[PDB]
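Engineer: Handing over query.pdb, PDB, N, CA and C atoms.
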```
ATOM      1  N   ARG A   1       0.848  -1.222   0.000  1.00  0.00           N
ATOM      2  CA  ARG A   1       0.000   0.000   0.000  1.00  0.00           C
ATOM      3  C   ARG A   1       0.869   1.252   0.000  1.00  0.00           C
ATOM      4  N   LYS A   2       0.289   2.372  -0.422  1.00  0.00           N
ATOM      5  CA  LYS A   2       1.006   3.642  -0.462  1.00  0.00           C
ATOM      6  C   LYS A   2       0.048   4.791  -0.193  1.00  0.00           C
ATOM      7  N   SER A   3       0.572   5.880   0.347  1.00  0.00           N
ATOM      8  CA  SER A   3      -0.239   7.057   0.633  1.00  0.00           C
ATOM      9  C   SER A   3       0.558   8.328   0.344  1.00  0.00           C
ATOM     10  N   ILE A   4      -0.140   9.428   0.095  1.00  0.00           N
ATOM     11  CA  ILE A   4       0.515  10.702  -0.176  1.00  0.00           C
ATOM     12  C   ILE A   4      -0.081  11.835   0.639  1.00  0.00           C
ATOM     13  N   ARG A   5       0.768  12.790   0.990  1.00  0.00           N
ATOM     14  CA  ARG A   5       0.331  13.978   1.699  1.00  0.00           C
ATOM     15  C   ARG A   5      -0.006  15.029   0.654  1.00  0.00           C
ATOM     16  N   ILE A   6      -1.264  15.059   0.246  1.00  0.00           N
ATOM     17  CA  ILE A   6      -1.690  15.973  -0.800  1.00  0.00           C
ATOM     18  C   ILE A   6      -1.834  17.399  -0.276  1.00  0.00           C
ATOM     19  N   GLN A   7      -1.614  18.360  -1.166  1.00  0.00           N
ATOM     20  CA  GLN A   7      -1.708  19.777  -0.827  1.00  0.00           C
ATOM     21  C   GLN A   7      -3.133  20.285  -1.031  1.00  0.00           C
ATOM     22  N   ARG A   8      -4.064  19.355  -1.211  1.00  0.00           N
ATOM     23  CA  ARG A   8      -5.463  19.702  -1.427  1.00  0.00           C
ATOM     24  C   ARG A   8      -6.236  19.618  -0.118  1.00  0.00           C
ATOM     25  N   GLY A   9      -7.520  19.953  -0.169  1.00  0.00           N
ATOM     26  CA  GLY A   9      -8.340  19.921   1.025  1.00  0.00           C
ATOM     27  C   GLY A   9      -9.196  18.675   1.121  1.00  0.00           C
ATOM     28  N   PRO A  10      -9.969  18.529   2.211  1.00  0.00           N
ATOM     29  CA  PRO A  10     -10.021  19.514   3.301  1.00  0.00           C
ATOM     30  C   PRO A  10      -8.762  19.488   4.165  1.00  0.00           C
ATOM     31  N   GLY A  11      -7.935  20.526   4.036  1.00  0.00           N
ATOM     32  CA  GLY A  11      -6.707  20.602   4.807  1.00  0.00           C
ATOM     33  C   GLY A  11      -5.702  19.540   4.400  1.00  0.00           C
ATOM     34  N   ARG A  12      -4.422  19.794   4.662  1.00  0.00           N
ATOM     35  CA  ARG A  12      -3.380  18.833   4.321  1.00  0.00           C
ATOM     36  C   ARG A  12      -3.611  17.516   5.048  1.00  0.00           C
ATOM     37  N   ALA A  13      -3.657  16.431   4.288  1.00  0.00           N
ATOM     38  CA  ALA A  13      -3.875  15.108   4.860  1.00  0.00           C
ATOM     39  C   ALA A  13      -3.175  14.039   4.037  1.00  0.00           C
ATOM     40  N   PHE A  14      -3.270  12.801   4.492  1.00  0.00           N
ATOM     41  CA  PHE A  14      -2.654  11.682   3.794  1.00  0.00           C
ATOM     42  C   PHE A  14      -3.714  10.795   3.162  1.00  0.00           C
ATOM     43  N   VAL A  15      -3.648  10.660   1.846  1.00  0.00           N
ATOM     44  CA  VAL A  15      -4.585   9.821   1.116  1.00  0.00           C
ATOM     45  C   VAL A  15      -3.875   8.584   0.605  1.00  0.00           C
ATOM     46  N   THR A  16      -4.616   7.506   0.429  1.00  0.00           N
ATOM     47  CA  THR A  16      -4.026   6.263  -0.044  1.00  0.00           C
ATOM     48  C   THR A  16      -4.042   6.189  -1.565  1.00  0.00           C
ATOM     49  N   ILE A  17      -3.136   5.386  -2.108  1.00  0.00           N
ATOM     50  CA  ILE A  17      -3.019   5.205  -3.543  1.00  0.00           C
ATOM     51  C   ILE A  17      -3.222   3.738  -3.903  1.00  0.00           C
ATOM     52  N   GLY A  18      -3.488   3.477  -5.176  1.00  0.00           N
ATOM     53  CA  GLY A  18      -3.700   2.118  -5.635  1.00  0.00           C
ATOM     54  C   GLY A  18      -4.128   2.067  -7.085  1.00  0.00           C
TER      55      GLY A  18
END
```
As structure tokens - that is how I would like this structure written.

Structural biologist:
Amino acid sequence: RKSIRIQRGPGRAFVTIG
């Protein structure tokens, strides 16, 4: 699994990739 700290909202957060 992988995740990224996106510069989008709501607010800076970590989303998963796949």

Engineer: To one decimal in Å, tell me the separation between atom C of residue 18 of chain A and atom CA of residue 6 of chain A.

Structural biologist: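 About the pair atom C of residue 18 of chain A and atom CA of residue 6 of chain A: they are 15.5 Å apart.
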
Engineer: What do you get, as a list in words, if you spell out every residue that the PyMOL selection byres (((chain A and resi 2-5 and name CA) around 7) and name CA) selects here?

Structural biologist: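 Evaluating the PyMOL selection byres (((chain A and resi 2-5 and name CA) around 7) and name CA) on this file yields residues 1, 6, 7, 12, 13, 14, 15, 16 and 17 of chain A.
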
Engineer: Pull the strand (DSSP E or B) assignments for chain A out of DSSP run on the backbone, and list those residues as a PyMOL selection string.

Structural biologist: chain A and resi 2-6+13-17

Engineer: Write the residues you've just listed into a file as a PDB file, in the coordinates of the input, and include N, CA and C atoms for each of them.

Structural biologist:
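Output below, filename again.pdb:
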```
ATOM      1  N   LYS A   2       0.289   2.372  -0.422  1.00  0.00           N
ATOM      2  CA  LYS A   2       1.006   3.642  -0.462  1.00  0.00           C
ATOM      3  C   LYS A   2       0.048   4.791  -0.193  1.00  0.00           C
ATOM      4  N   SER A   3       0.572   5.880   0.347  1.00  0.00           N
ATOM      5  CA  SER A   3      -0.239   7.057   0.633  1.00  0.00           C
ATOM      6  C   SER A   3       0.558   8.328   0.344  1.00  0.00           C
ATOM      7  N   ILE A   4      -0.140   9.428   0.095  1.00  0.00           N
ATOM      8  CA  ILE A   4       0.515  10.702  -0.176  1.00  0.00           C
ATOM      9  C   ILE A   4      -0.081  11.835   0.639  1.00  0.00           C
ATOM     10  N   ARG A   5       0.768  12.790   0.990  1.00  0.00           N
ATOM     11  CA  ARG A   5       0.331  13.978   1.699  1.00  0.00           C
ATOM     12  C   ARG A   5      -0.006  15.029   0.654  1.00  0.00           C
ATOM     13  N   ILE A   6      -1.264  15.059   0.246  1.00  0.00           N
ATOM     14  CA  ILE A   6      -1.690  15.973  -0.800  1.00  0.00           C
ATOM     15  C   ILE A   6      -1.834  17.399  -0.276  1.00  0.00           C
ATOM     16  N   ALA A  13      -3.657  16.431   4.288  1.00  0.00           N
ATOM     17  CA  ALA A  13      -3.875  15.108   4.860  1.00  0.00           C
ATOM     18  C   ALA A  13      -3.175  14.039   4.037  1.00  0.00           C
ATOM     19  N   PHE A  14      -3.270  12.801   4.492  1.00  0.00           N
ATOM     20  CA  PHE A  14      -2.654  11.682   3.794  1.00  0.00           C
ATOM     21  C   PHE A  14      -3.714  10.795   3.162  1.00  0.00           C
ATOM     22  N   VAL A  15      -3.648  10.660   1.846  1.00  0.00           N
ATOM     23  CA  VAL A  15      -4.585   9.821   1.116  1.00  0.00           C
ATOM     24  C   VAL A  15      -3.875   8.584   0.605  1.00  0.00           C
ATOM     25  N   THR A  16      -4.616   7.506   0.429  1.00  0.00           N
ATOM     26  CA  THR A  16      -4.026   6.263  -0.044  1.00  0.00           C
ATOM     27  C   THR A  16      -4.042   6.189  -1.565  1.00  0.00           C
ATOM     28  N   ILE A  17      -3.136   5.386  -2.108  1.00  0.00           N
ATOM     29  CA  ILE A  17      -3.019   5.205  -3.543  1.00  0.00           C
ATOM     30  C   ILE A  17      -3.222   3.738  -3.903  1.00  0.00           C
TER      31      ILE A  17
END
```
